[PDB]
Ligand SMILES: C[S@@+](CC[C@H](N)C(=O)[O-])C[C@H]1O[C@@H](n2cnc3c(N)ncnc32)[C@H](O)[C@@H]1O
Ligand code: NA
């Protein structure tokens, strides 16, 4: 198989799993039927990441940055806006062609482009090449395997290494070699005195939660934790589990647990003991 996370998110949203008025402006809705455990897995993934982000936002009082590496058609910028939880600046990185596609959608959809300009210092946006830079939001076409390019393009969109900064790689690191991803993680740690990293990945051949923790600790992070997605699903608020479990009928074969045990959410911090960053959990 090979899956597009943003199509699957659009699908789960359509059934009611979580609130996202924005994703429909990026991608079409499939009319297939899906095994509902897939939707539950997506809900757990998005809820886990989101609880971690909001924890970070709370500790930093939003005086911070978020850099989402390999963001795709993520809608989180627009969701945080609506919740009044925006960071000082929000950055996205993806391949240039993935970025062009995202920019074309923002250009064609005032429900996407109005909020960006509202928070912008001008009434117009320059969408030259494969970058959109504005006051609170930037989408940057770059290759995550070229760390010096990555850093140059970020800094020229006003990424400030003095601000606490949260970086997210949500199903991205698998697309690069272990050396390349280790180098990304290391760069991320080296560039900020105060920082958090969130990594959501499949637990492949040979990997384990402990190797996931060590992958971060050995690349310059000072704290790390990791849970498999079934532990996380099991720890979801009972009101949310109740809400999402009555959306679709699930048969009696306990295949949710088969699916989720192969995914993990890991997060690490560096500095900001003053901020209580090492205390953040999902
Ligand atoms: C599996 S998708 C996940 C998208 C998004 N984070 C989500 O979870 O909905 C991975 C994304 O990583 C991007 N990606 C993979 N390797 C990359 C690279 N070397 N440089 C820039 N982006 C990359 C892909 O283009 C794709 O948009
Ligand atoms: Na490209």
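Just so it is clear, none of the values below were taken in a lab; they were calculated from the coordinates. Ideal geometry is used to build each Cβ from the backbone, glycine not excepted, and the neighbour counts take in all protein chains shown.
Numbers for the structure displayed
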read-out	value
Cα centroid separation, region 2-54 to region 80-114 (Å)	17 Å
P(r) histogram, all alpha-carbon pairs of region 114-195 included - 10 Å bins from 0, percent	16, 43, 31, 9, 0
Highest to lowest packing among 177-183, 62-68, scored as the average C-beta count within 10 Å	62-68, 177-183
For the chain, built as a Gaussian network whose Cα springs stay under 10 Å, the top-fluctuating residue of 91, 11, 249	249
Cα-based equivalent ellipsoid, region 1-64: semi-axes from gyration tensor eigenvalues, Å	26, 13, 10
Largest to smallest principal axis extent of the C-alpha atoms in the chain, angstrom	54, 43, 34
Virtual spin-label span in nm between residue 151 and residue 32, 7 Å along Cα→Cβ	4.1 nm
Rounded, prolate or oblate (a/c below 1.5 giving rounded, otherwise prolate when a/b exceeds b/c) for region 168-282 by Cα gyration tensor	oblate
Pairs of alpha carbons in region 91-132 whose separation is greater than 13 Å (percent)	54 percent
Computed [θ] at 222 nm, helices only, for the chain once each DSSP H run of length n ≥ 4 contributes -39500 (n - 2.57)	-12500 deg cm²/dmol
Residues 127, 196, sorted so that the one with the fewest Cβ neighbours within 10 Å comes first	127, 196
Base-10 log of normalised Debye intensity for region 1-136 (one unit scatterer per alpha-carbon) at q = 0.10, 0.12, 0.13 Å⁻¹	-0.35, -0.50, -0.59
